[PDB]
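Notes follow the structure.
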Number of protein chains: 4
Amino acid sequence: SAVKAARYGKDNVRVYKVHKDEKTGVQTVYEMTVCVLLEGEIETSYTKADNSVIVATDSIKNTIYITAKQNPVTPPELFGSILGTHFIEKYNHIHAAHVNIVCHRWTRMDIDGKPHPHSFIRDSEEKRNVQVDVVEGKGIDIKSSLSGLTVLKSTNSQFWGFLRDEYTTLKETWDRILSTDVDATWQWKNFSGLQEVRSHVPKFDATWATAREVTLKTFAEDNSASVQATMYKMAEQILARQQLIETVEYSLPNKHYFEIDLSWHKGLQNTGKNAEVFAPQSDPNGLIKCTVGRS
Amino acid sequence: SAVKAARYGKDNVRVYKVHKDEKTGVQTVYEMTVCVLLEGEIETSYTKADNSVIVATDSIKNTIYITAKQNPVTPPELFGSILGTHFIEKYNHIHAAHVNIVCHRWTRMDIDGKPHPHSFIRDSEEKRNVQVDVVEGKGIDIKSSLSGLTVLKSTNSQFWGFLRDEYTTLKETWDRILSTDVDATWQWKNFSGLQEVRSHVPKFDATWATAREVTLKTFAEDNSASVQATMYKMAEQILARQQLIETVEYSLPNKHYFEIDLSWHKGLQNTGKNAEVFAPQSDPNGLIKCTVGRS
Amino acid sequence: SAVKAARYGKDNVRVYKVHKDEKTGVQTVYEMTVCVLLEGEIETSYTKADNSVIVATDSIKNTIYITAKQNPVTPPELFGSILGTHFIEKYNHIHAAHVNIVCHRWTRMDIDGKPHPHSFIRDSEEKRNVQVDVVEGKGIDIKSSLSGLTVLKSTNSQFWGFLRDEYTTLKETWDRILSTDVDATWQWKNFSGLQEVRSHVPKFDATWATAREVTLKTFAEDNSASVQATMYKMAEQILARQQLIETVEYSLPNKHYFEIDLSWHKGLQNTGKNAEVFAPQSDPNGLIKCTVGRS
Amino acid sequence: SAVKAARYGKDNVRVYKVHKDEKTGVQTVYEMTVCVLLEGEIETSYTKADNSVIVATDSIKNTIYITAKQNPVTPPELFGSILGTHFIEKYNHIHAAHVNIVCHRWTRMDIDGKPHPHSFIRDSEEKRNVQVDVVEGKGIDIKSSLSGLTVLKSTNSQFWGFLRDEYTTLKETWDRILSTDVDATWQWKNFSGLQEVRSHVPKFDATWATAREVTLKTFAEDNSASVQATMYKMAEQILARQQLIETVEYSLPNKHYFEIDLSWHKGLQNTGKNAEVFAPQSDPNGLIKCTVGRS
Ligand SMILES: O=c1[nH]c(=O)c2nn[nH]c2[nH]1
Ligand SMILES: O=c1[nH]c(=O)c2nn[nH]c2[nH]1
Ligand SMILES: O=c1[nH]c(=O)c2nn[nH]c2[nH]1
Ligand SMILES: O=c1[nH]c(=O)c2nn[nH]c2[nH]1
Ligand code: NA
Ligand code: NA
Ligand code: NA
Ligand code: NA
Ligand SMILES: [Xe]
Ligand SMILES: [Xe]
Ligand SMILES: [Xe]
Ligand SMILES: [Xe]
């Protein structure tokens with residue numbers, strides 16, 4: 001037998017950082033969960049019990065805190081790239097670092113219509129994420145994403161004209177509820193190294209904002225022919241607005257809300273045009289994915 | 001042996017309702033999870049296998065949908081009272097109904113600075129809840145609550161002057177992070193029945209809004225001496241603003257964020273005045289409760 | 001306003017303890033999650049920012065570890081009583097301690113038909129729990145429980161003869177699946193203090209074992225007329241076997257498995273006597289409770 | 001823009017099947033959660049709102065139930081292969097089916113030392129899983145796995161001789177707790193189609209059993225030099241016992257249990273040789289992976 005692939009590191013490292021403006025007294029907080037996995041010439045730790053090649057996972061944890069202390073942690077694309085680069089430069093035998101960062105929302109509170117200097121609220125479990133793969137001699141590959149954005153529209157969704165055969169019971173519809181949890185990922189062109197990532201820093205927050213805005217607007221405004229058709233429209237627009245993105249991927253559950261026939265009870269009318277009360281279904285759910293790139 | 005207490009019913013009933021304004025085209029959605037448990041002269045179903053006394057839990061589920069179809073589902077205090085009253089009036093041998101409702105957020109989307117007619121976002125997992133106990137001959141008792149409101153302030157929290165003995169290692173502090181998930185419950189004076197609940201309908205949404213606002217403002221503005229002192233200030237204000245509330249209860253976890261000493265690494269300074277990077281602790285957590293009533 | 005009730009302490013304190021037999025080399029592990037909440041003359045910490053009355057929650061955490069170091073942690077009824085008693089004896093102004101303990105399963109592995117001296121498996125998320133309330137001048141009240149015991153029987157469950165009215169759609173049945181997650185609690189007679197709890201130590205593990213065995217046997221063997229009837233039979237037997245128990249409470253979800261009519265597809269027969277494939281329902285679920293005591 | 005990749009289908013489809021032996025009266029239950037995603041000539045549903053190419057996800061759900069009705073559901077490798085093959089044979093324009101199956105434990109109860117004919121217990125949340133990719137013209141690729149197997153050993157684990165530099169604080173150790181949740185995957189040689197999968201049916205359950213047994217025995221018996229070294233030993237043995245496996249992958253969290261220094265309290269000794277009480281850490285955790293194949 002032989003080691004075909006191996007990676008190891010530290011997962012679920014929670015980090016908080018505060019920035020304090022001495023002049024204005026305004027404080028800004030960042031909270032993330034970080035995972036770092038390393039690859040390189042480490043096979044002997046598996047095959048020969050040779051621990052000399054192992055950078056202890058506890059040391060990786062220390063490194064994350066030290067790096068957060070000495071560098072900005074925003075945008076996460078930059079922080080991930082700094083953190084990944086550290087390991088390949090510091091350790092001769094480590095040749096790849098894989099950094100995943102989940103950013104948690106701490107939104108500044110408005111008290112009496114004014115932004116509070118040091119108080120924050122978690123407005124939703126929506127996350128902004130990055131995956132950064134730093135590979136020695138092959139640059140920095142960055143995938144940025146948003147996830148956990150949960151939306152619903154109560155009309156202006158249709159689904160008709162699908163394949164009908166002996167397995168089909170679903171009725172065609174011209175008016176249904178559409179609800180999903182959005183997972184959207186945009187993959188950046190490969191970067192040669194940290195200097196190049198630094199040169200593009202302003203694009204990271206702007207592109208996240210654009211992806212979010214396009215997702216929300218398209219969902220709200222499209223008279224949707226299917227999840228497939230609506231998600232394609234989203235991806236198309238993102239690619240049009242940021243030339244440094246190579247591909248956009250969406251993964252969307254179709255969270256079903258079923259009509260409830262109440263006609264058995266005193267002829268009560270609750271279907272089609274008369275539908276007011278619905279039963280949200282926890283499972284099963286449709287799952288629709290697509291990756292869109294450039295012609 | 002004898003049956004000392006018994007209750008049964010249906011839990012986790014998900015319900016969605018849409019309201020459509022024909023004039024404006026604006027649609028408004030409500031989504032809830034409902035639990036109904038009944039008590040009464042049902043001992044024989046346990047002791048003698050006498051099912052004749054059982055209103056099937058499946059029928060309770062049907063009743064929830066039918067009641068939602070025929071009545072407003074907001075404010076939840078009113079809907080819960082209608083639903084509970086139904087069971088005690090309909091069934092001679094049922095003498096109490098216990099209704100719990102969790103309301104999920106579907107917040108209208110703003111697209112290009114304008115409210116969208118039929119598109120919604122789940123902005124946070126904060127819930128608005130009610131517990132309604134309808135007891136034949138004893139009226140309607142309603143406890144309203146908010147939960148899952150997660151907040152953090154990065155300064156203006158202190159904790160010093162506590163008891164110190166041979167079990168104590170905690171250092172006094174004049175500047176710490178304070179973060180909690182707020183669970184706040186206000187208990188209404190007993191209502192004689194549905195007519196009285198209906199007469200107070202406007203107070204329910206207003207009091208929820210007031211409780212939320214007082215919680216957020218007090219948290220943001222108090223230079224907190226402890227969780228205990230800050231939560232008391234919140235409860236005091238709520239009681240002052242709504243005379244129909246008898247008691248307010250808060251239950252607050254103290255979600256700890258620990259300093260990280262980095263001095264072992266090149267004398268790096270990250271504690272006290274120099275603290276910038278912290279380690280959020282998932283467990284254990286302080287838990288602080290109090291119930292405040294009128295003198 | 002006035003403080004009507006108040007309690008505070010530390011939740012989610014994870015503890016592991018190992019016992020090492022020097023003679024045999026056999027090691028035995030215990031893992032628990034502990035919560036301790038205190039009450040007493042602590043109102044001024046809420047109303048006057050007087051922290052002098054507060055035993056810091058961090059100190060409570062320390063106390064749990066120290067107490068686990070110096071005392072046996074099994075049976076949990078004894079450990080909880082020692083821990084609770086400590087606070088009321090140590091602190092003049094603390095008059096009640098509320099201790100909740102959840103015990104996690106670490107079951108000794110059998111390797112080649114032999115018990116391994118120091119290796120363990122988590123066989124299921126079933127828990128053994130205790131709630132101990134130590135109240136100065138009123139002794140020690142202990143509620144013991146098991147929870148998270150998930151079972152299913154594929155036949156020998158019926159449900160017919162229930163109330164039928166205009167809200168009822170459920171068909172009577174003489175053969176259905178019955179599945180539940182068992183939560184069972186037995187409440188001990190009040191104990192005067194630690195000496196009395198110590199005197200009954202052997203009864204705690206034996207009664208837990210009896211409760212588990214009676215639950216499993218009755219579920220497996222009863223030709224069940226309803227959840228209500230079967231659970232009553234369980235509680236009856238437990239009370240008969242341990243005179244020091246005052247009441248037994250069961251809380252049982254009815255986790256539904258629905259027939260799937262496949263007759264629309266080539267006349268395929270999958271209902272009633274021909275039912276083979278079913279759809280487990282995640283929600284809603286029946287919830288049935290009862291508390292049984294002595295005549 | 002262009003569609004680079006696309007797949008869609010139904011997730012979280014819960015299925016239960018019962019088998020009834022008419023002769024012995026013994027019943028056996030199977031419960032699974034199934035996901036099916038399809039690929040093929042479906043781009044136009046995304047780009048042109050052409051639903052004619054879409055096999056509705058609701059129809060996929062129906063197909064899963066119908067297939068379970070007409071075929072054995074065990075071993076899951078066979079069921080997944082039948083289900084996947086169905087879609088590529090039935091639909092001209094569908095060229096790949098991806099089937100994931102999670103099997104839930106329903107273990108027959110022993111009542112009074114005898115196996116009960118129709119009563120079952122969920123002994124642990126350990127799962128047996130399969131991933132089956134059926135690709136037209138490229139056969140059937142099957143990855144089998146077990147997951148959620150949680151184990152702990154209280155001694156006979158060491159970790160010393162790792163890299164030490166200015167980022168390192170971890171002390172070397174010759175005696176520590178080792179605990180993990182095992183995720184192990186074995187990848188089968190490619191199969192040409194259903195006939196070949198059928199020909200190997202007995203190997204599927206046997207190999208699962210072997211993987212489980214080797215994992216447990218090696219964990220219990222290895223005087224572990226690291227997670228890396230122990231997991232390699234496991235994978236090596238599995239590959240040696242089943243020639244039809246091409247690779248074995250393990251992914252193991254290192255769930256840390258920390259010593260608690262209690263010396264500040266009356267010189268209490270709780271570290272090194274005297275360590276009895278430990279603090280399980282919920283996060284962060286080491287994560288160690290490796291894929292082992294044949295020389
Ligand atoms: O078994 C281990 N492997 C590792 O890579 C490691 N790093 N810290 N502790 C550890 N333990
Ligand atoms: O056992 C049952 N008890 C009940 O109260 C009930 N209601 N519907 N189905 C049921 N099954
Ligand atoms: O606000 C606090 N209240 C408390 O009771 C406490 N105990 N430790 N830290 C604390 N902080
Ligand atoms: O938008 C949809 N896309 C689909 O593929 C589908 N299948 N059933 N319902 C559906 N809705
Ligand atoms: Na390198
Ligand atoms: Na009545
Ligand atoms: Na006392
Ligand atoms: Na095909
Ligand atoms: Xe969508
Ligand atoms: Xe607070
Ligand atoms: Xe039961
Ligand atoms: Xe391991």
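Labels for the structure tokens follow display order: chains A, B, ..., residues from 1 in each chain, ligands from 1.
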
Exercise. Could you give me, as a PyMOL selection string, each residue of segment 104-236 of chain B that DSSP assigns to alpha helix (DSSP H) when run on this structure's backbone?
Key: chain B and resi 194-199+201-221+227-236

Written file, previous selection with N, CA, C and O atoms, as a compact mmCIF listing (two decimals), in the first residue's frame:
```txt
# COMPACT_ATOMS: atom_id res chain seq x y z
N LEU B 194 -62.35 35.29 25.26
CA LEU B 194 -62.00 35.84 23.95
C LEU B 194 -62.39 37.30 23.76
O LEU B 194 -61.66 38.07 23.14
N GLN B 195 -63.56 37.69 24.28
CA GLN B 195 -64.00 39.07 24.08
C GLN B 195 -62.97 40.02 24.66
O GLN B 195 -62.61 41.00 24.03
N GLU B 196 -62.47 39.70 25.86
CA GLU B 196 -61.49 40.57 26.48
C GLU B 196 -60.15 40.57 25.71
O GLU B 196 -59.56 41.63 25.48
N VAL B 197 -59.70 39.40 25.28
CA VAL B 197 -58.48 39.35 24.45
C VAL B 197 -58.67 40.24 23.20
O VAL B 197 -57.80 41.04 22.86
N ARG B 198 -59.81 40.10 22.53
CA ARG B 198 -60.06 40.93 21.34
C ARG B 198 -60.00 42.43 21.62
O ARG B 198 -59.55 43.20 20.76
N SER B 199 -60.46 42.83 22.79
CA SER B 199 -60.52 44.24 23.16
C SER B 199 -59.12 44.84 23.32
O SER B 199 -58.95 46.04 23.18
N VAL B 201 -56.38 43.83 21.45
CA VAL B 201 -55.58 43.40 20.31
C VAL B 201 -54.45 44.36 19.92
O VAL B 201 -53.33 43.90 19.67
N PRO B 202 -54.71 45.69 19.88
CA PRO B 202 -53.63 46.59 19.46
C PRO B 202 -52.41 46.58 20.40
O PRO B 202 -51.29 46.88 19.95
N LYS B 203 -52.61 46.22 21.67
CA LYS B 203 -51.52 46.24 22.65
C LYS B 203 -50.47 45.14 22.40
O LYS B 203 -49.33 45.25 22.86
N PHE B 204 -50.86 44.08 21.70
CA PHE B 204 -49.95 42.92 21.59
C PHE B 204 -48.73 43.25 20.74
O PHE B 204 -47.60 43.06 21.19
N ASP B 205 -48.95 43.73 19.51
CA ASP B 205 -47.81 44.10 18.66
C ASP B 205 -47.00 45.25 19.24
O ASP B 205 -45.77 45.27 19.13
N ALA B 206 -47.70 46.21 19.85
CA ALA B 206 -47.02 47.38 20.40
C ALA B 206 -46.11 47.02 21.55
O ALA B 206 -45.02 47.62 21.69
N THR B 207 -46.54 46.06 22.37
CA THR B 207 -45.78 45.67 23.55
C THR B 207 -44.56 44.84 23.13
O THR B 207 -43.46 45.01 23.70
N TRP B 208 -44.75 43.95 22.16
CA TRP B 208 -43.61 43.23 21.55
C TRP B 208 -42.54 44.22 21.04
O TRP B 208 -41.34 44.11 21.36
N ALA B 209 -43.00 45.23 20.29
CA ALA B 209 -42.09 46.24 19.75
C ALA B 209 -41.38 46.98 20.87
O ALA B 209 -40.18 47.24 20.78
N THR B 210 -42.11 47.30 21.93
CA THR B 210 -41.53 48.02 23.07
C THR B 210 -40.50 47.17 23.80
O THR B 210 -39.42 47.65 24.15
N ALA B 211 -40.83 45.91 24.03
CA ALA B 211 -39.91 44.99 24.68
C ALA B 211 -38.61 44.87 23.88
O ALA B 211 -37.52 44.90 24.46
N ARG B 212 -38.73 44.73 22.56
CA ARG B 212 -37.56 44.64 21.70
C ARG B 212 -36.72 45.90 21.77
O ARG B 212 -35.49 45.84 21.94
N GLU B 213 -37.37 47.05 21.65
CA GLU B 213 -36.67 48.33 21.64
C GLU B 213 -35.96 48.61 22.97
O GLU B 213 -34.79 49.05 22.98
N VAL B 214 -36.64 48.36 24.09
CA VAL B 214 -36.06 48.56 25.41
C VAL B 214 -34.87 47.64 25.62
O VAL B 214 -33.85 48.03 26.17
N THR B 215 -35.00 46.40 25.16
CA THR B 215 -33.89 45.43 25.29
C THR B 215 -32.67 45.93 24.55
O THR B 215 -31.57 45.99 25.12
N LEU B 216 -32.85 46.32 23.30
CA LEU B 216 -31.72 46.73 22.47
C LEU B 216 -31.08 48.02 23.00
O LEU B 216 -29.86 48.09 23.14
N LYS B 217 -31.90 49.02 23.32
CA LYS B 217 -31.38 50.31 23.80
C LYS B 217 -30.64 50.19 25.11
O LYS B 217 -29.57 50.76 25.28
N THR B 218 -31.21 49.42 26.05
CA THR B 218 -30.60 49.29 27.36
C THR B 218 -29.28 48.54 27.25
O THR B 218 -28.28 48.92 27.87
N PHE B 219 -29.28 47.49 26.45
CA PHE B 219 -28.04 46.74 26.24
C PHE B 219 -26.96 47.67 25.67
O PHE B 219 -25.84 47.68 26.15
N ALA B 220 -27.32 48.44 24.64
CA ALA B 220 -26.35 49.29 23.96
C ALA B 220 -25.85 50.41 24.87
O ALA B 220 -24.66 50.72 24.84
N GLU B 221 -26.74 50.98 25.67
CA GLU B 221 -26.40 52.20 26.45
C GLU B 221 -25.92 51.98 27.89
O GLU B 221 -25.18 52.81 28.44
N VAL B 227 -24.41 41.21 34.16
CA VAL B 227 -25.58 40.84 33.38
C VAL B 227 -26.82 41.10 34.24
O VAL B 227 -27.82 41.61 33.75
N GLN B 228 -26.74 40.71 35.51
CA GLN B 228 -27.82 40.87 36.49
C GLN B 228 -28.36 42.31 36.50
O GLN B 228 -29.58 42.55 36.41
N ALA B 229 -27.45 43.28 36.62
CA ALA B 229 -27.86 44.68 36.78
C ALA B 229 -28.50 45.22 35.51
O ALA B 229 -29.49 45.97 35.55
N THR B 230 -27.96 44.82 34.36
CA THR B 230 -28.44 45.33 33.09
C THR B 230 -29.82 44.74 32.79
O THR B 230 -30.74 45.45 32.34
N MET B 231 -30.00 43.46 33.06
CA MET B 231 -31.28 42.83 32.72
C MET B 231 -32.40 43.37 33.61
O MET B 231 -33.55 43.50 33.18
N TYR B 232 -32.07 43.72 34.84
CA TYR B 232 -33.08 44.28 35.74
C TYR B 232 -33.59 45.61 35.18
O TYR B 232 -34.80 45.88 35.20
N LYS B 233 -32.67 46.44 34.69
CA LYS B 233 -33.03 47.71 34.06
C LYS B 233 -33.98 47.52 32.89
O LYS B 233 -34.93 48.28 32.72
N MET B 234 -33.74 46.48 32.09
CA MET B 234 -34.65 46.19 30.98
C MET B 234 -36.06 45.87 31.46
O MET B 234 -37.03 46.45 30.97
N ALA B 235 -36.18 44.95 32.41
CA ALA B 235 -37.45 44.47 32.89
C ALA B 235 -38.23 45.63 33.55
O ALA B 235 -39.44 45.79 33.33
N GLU B 236 -37.52 46.44 34.32
CA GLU B 236 -38.12 47.61 34.99
C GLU B 236 -38.83 48.52 33.98
O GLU B 236 -40.00 48.92 34.19
```

Quiz item: Given a cut-off of 6 Å, what residues near ligand 7 show up using only C-alpha atoms and all ligand atoms, put as JSON, numbers by chain?
Solution: {"C": [88, 89, 91, 92, 93, 94, 95]}

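Our summary of the geometry notes that atom CA of residue 189 of chain B is positioned 19.7 Å from atom CA of residue 74 of chain B.
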
For chain D versus chain C, which residues have an atom no more than 8 Å away, and what is each residue's nearest atom pair and distance in Å rounded to one decimal, using only C-alpha atoms, chain-then-number order, as a Markdown table?
```
| residue | atom | partner | partner_atom | distance |
| --- | --- | --- | --- | --- |
| D:14 | CA | C:280 | CA | 6.0 |
| D:15 | CA | C:279 | CA | 5.4 |
| D:16 | CA | C:278 | CA | 5.1 |
| D:17 | CA | C:277 | CA | 4.5 |
| D:18 | CA | C:276 | CA | 5.3 |
| D:19 | CA | C:276 | CA | 7.0 |
| D:27 | CA | C:154 | CA | 7.4 |
| D:29 | CA | C:154 | CA | 7.5 |
| D:65 | CA | C:277 | CA | 6.9 |
| D:66 | CA | C:262 | CA | 7.3 |
| D:68 | CA | C:277 | CA | 6.9 |
| D:69 | CA | C:277 | CA | 6.0 |
| D:106 | CA | C:152 | CA | 7.9 |
| D:111 | CA | C:217 | CA | 6.3 |
| D:116 | CA | C:220 | CA | 7.5 |
| D:118 | CA | C:153 | CA | 5.6 |
| D:119 | CA | C:153 | CA | 4.3 |
| D:120 | CA | C:152 | CA | 5.2 |
| D:121 | CA | C:151 | CA | 4.4 |
| D:122 | CA | C:150 | CA | 5.5 |
| D:123 | CA | C:124 | CA | 4.9 |
| D:124 | CA | C:124 | CA | 3.2 |
| D:125 | CA | C:124 | CA | 6.0 |
| D:149 | CA | C:122 | CA | 7.5 |
| D:150 | CA | C:122 | CA | 5.5 |
| D:151 | CA | C:121 | CA | 4.4 |
| D:152 | CA | C:120 | CA | 5.2 |
| D:153 | CA | C:119 | CA | 4.3 |
| D:154 | CA | C:118 | CA | 5.6 |
| D:155 | CA | C:118 | CA | 6.7 |
| D:216 | CA | C:111 | CA | 7.8 |
| D:217 | CA | C:111 | CA | 6.3 |
| D:220 | CA | C:119 | CA | 5.6 |
| D:262 | CA | C:66 | CA | 7.3 |
| D:270 | CA | C:69 | CA | 7.9 |
| D:276 | CA | C:18 | CA | 5.3 |
| D:277 | CA | C:17 | CA | 4.5 |
| D:278 | CA | C:16 | CA | 5.1 |
| D:279 | CA | C:15 | CA | 5.4 |
| D:280 | CA | C:14 | CA | 6.0 |
```

What would the file look like if the residues just selected were written as a compact mmCIF listing (two decimals), in the first residue's frame with N, CA and C atoms?
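Result file selection12.txt:
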```txt
# COMPACT_ATOMS: atom_id res chain seq x y z
N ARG D 14 -36.83 10.39 2.56
CA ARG D 14 -36.81 9.37 3.59
C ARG D 14 -37.62 8.18 3.11
N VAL D 15 -37.07 6.98 3.28
CA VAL D 15 -37.75 5.75 2.84
C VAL D 15 -37.63 4.68 3.92
N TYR D 16 -38.74 4.00 4.20
CA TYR D 16 -38.72 2.84 5.09
C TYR D 16 -39.29 1.67 4.30
N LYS D 17 -38.71 0.50 4.49
CA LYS D 17 -39.28 -0.73 3.88
C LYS D 17 -39.27 -1.82 4.92
N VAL D 18 -40.35 -2.61 4.95
CA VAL D 18 -40.41 -3.75 5.83
C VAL D 18 -40.45 -5.04 4.99
N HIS D 19 -39.76 -6.06 5.47
CA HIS D 19 -39.86 -7.40 4.89
C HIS D 19 -40.53 -8.29 5.94
N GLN D 27 -40.10 -10.02 11.10
CA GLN D 27 -40.14 -8.83 10.24
C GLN D 27 -38.78 -8.14 10.35
N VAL D 29 -36.72 -4.45 9.18
CA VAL D 29 -37.00 -3.10 8.66
C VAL D 29 -35.71 -2.46 8.14
N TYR D 65 -39.58 5.61 -4.59
CA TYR D 65 -40.52 4.75 -3.87
C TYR D 65 -40.89 3.52 -4.70
N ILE D 66 -41.17 3.73 -5.98
CA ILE D 66 -41.52 2.61 -6.87
C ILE D 66 -40.35 1.59 -6.96
N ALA D 68 -37.96 1.08 -4.75
CA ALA D 68 -37.89 0.40 -3.46
C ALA D 68 -38.99 -0.66 -3.34
N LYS D 69 -40.14 -0.42 -3.95
CA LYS D 69 -41.25 -1.40 -3.87
C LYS D 69 -40.91 -2.68 -4.66
N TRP D 106 -31.59 0.30 12.52
CA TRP D 106 -32.69 -0.25 13.31
C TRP D 106 -32.27 -1.66 13.70
N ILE D 111 -35.21 -9.31 23.88
CA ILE D 111 -36.07 -9.27 25.05
C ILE D 111 -35.91 -10.62 25.76
N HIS D 116 -36.40 -10.29 19.24
CA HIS D 116 -37.81 -10.04 19.04
C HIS D 116 -38.17 -10.00 17.56
N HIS D 118 -40.35 -8.28 15.79
CA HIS D 118 -40.79 -7.06 15.11
C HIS D 118 -40.54 -5.77 15.91
N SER D 119 -39.54 -5.78 16.79
CA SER D 119 -39.24 -4.57 17.58
C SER D 119 -37.78 -4.22 17.46
N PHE D 120 -37.49 -2.91 17.33
CA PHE D 120 -36.17 -2.44 16.93
C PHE D 120 -35.76 -1.23 17.75
N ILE D 121 -34.45 -1.05 17.87
CA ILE D 121 -33.89 0.07 18.60
C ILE D 121 -32.86 0.76 17.72
N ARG D 122 -32.77 2.08 17.85
CA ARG D 122 -31.73 2.84 17.17
C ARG D 122 -30.54 2.84 18.13
N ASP D 123 -29.63 1.89 17.95
CA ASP D 123 -28.38 1.86 18.73
C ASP D 123 -27.30 2.73 18.03
N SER D 124 -27.34 4.02 18.27
CA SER D 124 -26.33 4.96 17.78
C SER D 124 -26.66 5.51 16.43
N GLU D 125 -26.07 6.68 16.22
CA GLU D 125 -26.25 7.46 15.06
C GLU D 125 -25.18 7.12 14.02
N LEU D 149 -19.10 6.92 13.76
CA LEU D 149 -18.65 5.92 14.73
C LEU D 149 -17.71 6.62 15.71
N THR D 150 -18.19 6.85 16.92
CA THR D 150 -17.49 7.71 17.87
C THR D 150 -16.85 6.83 18.95
N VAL D 151 -15.55 6.99 19.12
CA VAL D 151 -14.78 6.10 20.00
C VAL D 151 -13.83 6.93 20.87
N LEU D 152 -13.36 6.33 21.97
CA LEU D 152 -12.43 6.99 22.85
C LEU D 152 -11.59 5.89 23.51
N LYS D 153 -10.31 6.16 23.62
CA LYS D 153 -9.45 5.33 24.49
C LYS D 153 -8.77 6.24 25.50
N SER D 154 -8.66 5.75 26.73
CA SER D 154 -8.23 6.61 27.83
C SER D 154 -6.72 6.59 28.08
N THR D 155 -6.01 5.73 27.37
CA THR D 155 -4.54 5.63 27.48
C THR D 155 -4.02 4.92 26.23
N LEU D 216 -12.21 -0.81 14.56
CA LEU D 216 -12.36 -0.90 16.01
C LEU D 216 -11.16 -1.61 16.66
N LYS D 217 -10.74 -2.73 16.08
CA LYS D 217 -9.62 -3.50 16.65
C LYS D 217 -8.32 -2.72 16.63
N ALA D 220 -8.37 0.07 19.19
CA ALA D 220 -8.27 -0.43 20.55
C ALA D 220 -6.86 -0.94 20.86
N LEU D 262 -5.38 21.94 38.90
CA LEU D 262 -6.14 22.30 40.10
C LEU D 262 -5.20 22.66 41.26
N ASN D 270 -3.76 17.16 39.80
CA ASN D 270 -4.63 16.66 38.73
C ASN D 270 -3.99 16.68 37.33
N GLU D 276 -7.09 12.96 36.61
CA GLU D 276 -8.29 12.16 36.67
C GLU D 276 -9.47 12.89 36.04
N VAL D 277 -9.54 14.20 36.24
CA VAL D 277 -10.66 15.00 35.71
C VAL D 277 -10.14 15.87 34.57
N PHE D 278 -10.84 15.81 33.42
CA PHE D 278 -10.42 16.50 32.19
C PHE D 278 -11.60 17.31 31.68
N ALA D 279 -11.30 18.29 30.84
CA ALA D 279 -12.29 19.15 30.21
C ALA D 279 -12.33 18.80 28.72
N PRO D 280 -13.40 18.13 28.27
CA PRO D 280 -13.58 17.89 26.84
C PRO D 280 -13.74 19.24 26.14
```

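Taking atom CA of residue 4 of chain D and atom CA of residue 6 of chain A as the two end points, the separation is 29.0 Å.
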
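Take atom CA of residue 103 of chain D and atom CA of residue 58 of chain B: the distance between them is 28.7 Å.
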
Exercise. Find the residues near ligand 2. Use a cut-off of 9 Å, count only C-alpha atoms and all ligand atoms, and write them as a ChimeraX atom specification.
Key: /B:8-10,45,51,54-60 /C:157-160,162,170,178,224-230,254,256,286-288

Practice problem: From segment 57-294 of chain A, collect each residue whose DSSP state is strand (DSSP E or B) and return the set as an MDAnalysis selection string. | Solution: chainID A and resid 94:104 107:111 114:121 127:135 139:153 157 159 163 173 178:188 191 224 245:254 257:259 277:280 285:293

Quiz prompt | Shell around residue 11 of chain D at 6 Å using only C-alpha atoms, local window under 5 positions removed, as a ChimeraX atom specification | solution = /A:284-285 /D:35
